[PDB]
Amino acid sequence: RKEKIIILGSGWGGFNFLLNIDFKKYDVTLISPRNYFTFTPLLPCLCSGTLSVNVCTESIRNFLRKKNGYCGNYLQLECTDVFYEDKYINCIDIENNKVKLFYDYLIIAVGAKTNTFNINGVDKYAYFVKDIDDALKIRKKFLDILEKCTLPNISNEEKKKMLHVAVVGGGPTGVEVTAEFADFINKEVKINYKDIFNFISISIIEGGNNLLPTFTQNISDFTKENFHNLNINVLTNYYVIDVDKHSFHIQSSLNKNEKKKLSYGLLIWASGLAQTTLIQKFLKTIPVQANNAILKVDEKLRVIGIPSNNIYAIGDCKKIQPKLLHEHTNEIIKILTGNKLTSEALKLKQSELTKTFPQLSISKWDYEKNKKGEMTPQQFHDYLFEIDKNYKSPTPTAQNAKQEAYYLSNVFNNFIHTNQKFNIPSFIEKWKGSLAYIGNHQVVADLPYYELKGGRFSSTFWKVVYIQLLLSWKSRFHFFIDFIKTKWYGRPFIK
């Protein structure tokens, strides 16, 4: 008769919730068609064979038995419908047999799927980079092309066309996949395929002017230079408008009349998120959310429009729509009485108010740049409203999905059925910074309070960071060993 929590998804959100949720307090079942967790940041390393699958994964069932002797459950199912009124979900197994499951709480962490932007042919011809199997197919395809072009029945012209690798997307994933292929090409491939090495090329295609546009401008500039120095074709200010079997078309972002047709052998699609069909269907079921393009939750991560307040959502499948400051003006005015109505008066209570309004965090609202003198009540209401409008939901990252998971699981463990049940603070993420590998041993990092821009100890920093981020000693062992293997014996060619 323990309350039942159903987790949907075995990704950064679902798995980390599982890792922290108290199996003694709750009956927990994780449901996912994928019986492992994927350490997504290392996926580009899998495309080149730098790292192995064991570094990049965790088996869900290895974490179902916690040390206090209490256990969770896992079911290999795809959820297809949620029925919030009757508190159950419909799932299917791999053979499309329906199965019905009841819950007391539902944690939706189903992530997102790849976005083709309805561009003709990318679903058909492009390789996505979202999961382990994608990375493995990409590696395999590249190796198949190398062998094909070593055959006598192929002209040099066809070789140059087949050995062009195009990567679409200038964010960290497109950049790292491109960098890993450049390393592989310049090292193991150059040694083992010397007679076709000169025919190989790589292009990276990006709509904006910058590679790694969310990093600093120095890092973007340094990434483009390092790519130039590696003889990678940087097609910034271009985006894809059509894909066919042996060529694709790109469109200049700077001149709508300029188009280019490019031949290619391998096309890697490393950009864009779209909603899962489950979320699209769930949305239509919620009156308040029926025309939404994304699932909205509370500042406490409760799905909005559910009378029972028993469905949560974390990670990439959702956006936070916090309680509105400006619907609570008089109350906020009340909590700071002595002080005149100034922005500084507001900031003075930021610590307390932030527990219920995340948009008041100094990480969310710049009080220096938006300093405001004494205001009338009505003026203060408008200011509050501007803070509401300025609120940005957590970015769709592993970092945020992990932090949301720890927050929410800790709420179930230590708040929900305790004397602290009315003191649940709102979720506020903390930015810890980002790393990207950009080729030829160069690592960049955009962190709070510093930037890293390549250099001899760049890769050492990367390794120190990621070995601590891995979620088991097993993966850490493999992480360490894989770099020894790669240094001593090189990347493998088994396909």
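One-based numbering along the sequence shown.
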Mean C-alpha B-factor comparison - 447-455 and 64-72, higher one: 64-72
Entry-level comparison of average CA B-factors, 206-214 and 281-289, reporting the higher stretch: 281-289
Candidate set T173, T236, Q403, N419 [ranked by C-alpha B-factor, highest]: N419
Per the PDB entry, maximal CA B factor within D316, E85, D131, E299: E85
CA B-factor placement of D81, once the chain's modelled residues are sorted into thirds: middle
Among modelled residues of the same chain, the CA temperature factor third for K323: middle
Third assignment of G373 from its chain's C-alpha B-factors: highest
Chain third (lowest, middle, highest) by recorded CA B-factor, residue given as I94: highest
CA B-factor ranking of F248, expressed as a third of its chain: middle
